[PDB]
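Take a look at this one chain, the form deposited in one PDB entry, written out in structure tokens.
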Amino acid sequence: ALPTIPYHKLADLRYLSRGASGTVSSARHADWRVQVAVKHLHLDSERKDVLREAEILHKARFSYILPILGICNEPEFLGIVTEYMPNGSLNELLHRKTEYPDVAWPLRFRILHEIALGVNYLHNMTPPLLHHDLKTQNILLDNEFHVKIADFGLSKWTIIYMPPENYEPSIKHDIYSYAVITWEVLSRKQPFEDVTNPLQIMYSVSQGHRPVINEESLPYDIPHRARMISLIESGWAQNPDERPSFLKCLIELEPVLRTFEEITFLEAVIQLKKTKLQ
């Protein structure tokens, strides 16, 4: 069902990312005259398995999920083709502080809202996705800084977003990841920044330690600061059963987003783009 795209239609390949599951490059489609992204997934048994995996992802169609435009089924080369997200990843927005000295709260909360809507959609699919690897690197930002999430199985097929019960390989995985991401969005800090050995992070986390919550990490002027802190701490609870559903997150978040007028979101985006021009 998912359209096949001849590799010969793609030109001007440029590196975007290099992960374990595959390389991602931007490319220009000859016929469509737009940019796309292609993930180069690093035998007939493998080809059959890779098509089935990608056709599962084809079911996901929602405004906050990265659209898959087709598959490159080449002889030596398998590739997933998606929309190109001009503004890159949430990780880049949060941590590139020369480029983005300020990120206005309304935009940050819009991002959080859209992430949760996207994951909520994935959780309501029948069946749900079996694999989960939500992180700031696979939350992408379109031309108007709206979210499209690309947390497909592909990552499984960094440990800071992974809940401790997953260290020894539940419907409570994504909310844990989201709580860390929320913390990261509100702080613009690296989770566990002091700790440099990932194994030390894993040990600490397994014993109930989490990214730091205080007046320094999470500024006083966070809207609904105390409710957000409460949401974060519930989301990354040691006990998976204590963690809220994404439904419950959305219920908590919708009030917060009502405090911003629609025009302030656009002003936040335009101020991002203006400052970035220097």
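Numbering starts at 1 and follows the sequence shown. For the two forms, the rigid core is made up of the largest set of C-alpha atoms that agree within 1.5 Å on superposition.
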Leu43 unmodelled in at least a third of other compared entries: yes
Other entries lacking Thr23, at least a third: no
Between neighbours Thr158 and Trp157, residues that the deposited sequence lists but the model omits: 10 or more
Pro169-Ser170 interval: deposited residues absent from the model: 4 to 9
Stretch exceeding the other in mean C-alpha B-factor - 78-86, 183-191: 78-86
Of 245-253 and 229-237, the one with larger mean CA B-factor: 245-253
C-alpha B-factor winner, where the candidates are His209, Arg61, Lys39, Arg33: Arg61
Among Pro106, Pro101, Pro128, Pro163 - the residue whose C-alpha B-factor is largest in the record: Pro128
Where the record places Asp221 (Cα B-factor, split into thirds across the chain): middle
Among modelled residues of the same chain, the CA temperature factor third for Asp151: highest
Third of chain Cα B-factors occupied by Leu66: middle
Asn143 - Cα temperature factor, lowest/middle/highest third of chain: middle
Relative C-alpha B-factor of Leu94, binned into the chain's lowest, middle or highest third: lowest
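Although it is not shown, the form deposited in another entry is what the next lines describe.
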Displaced residue between the shown form and the other one, judged on C-alpha after the rigid core is fitted, out of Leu218, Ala54, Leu253, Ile232 (threshold 2 Å or more): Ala54
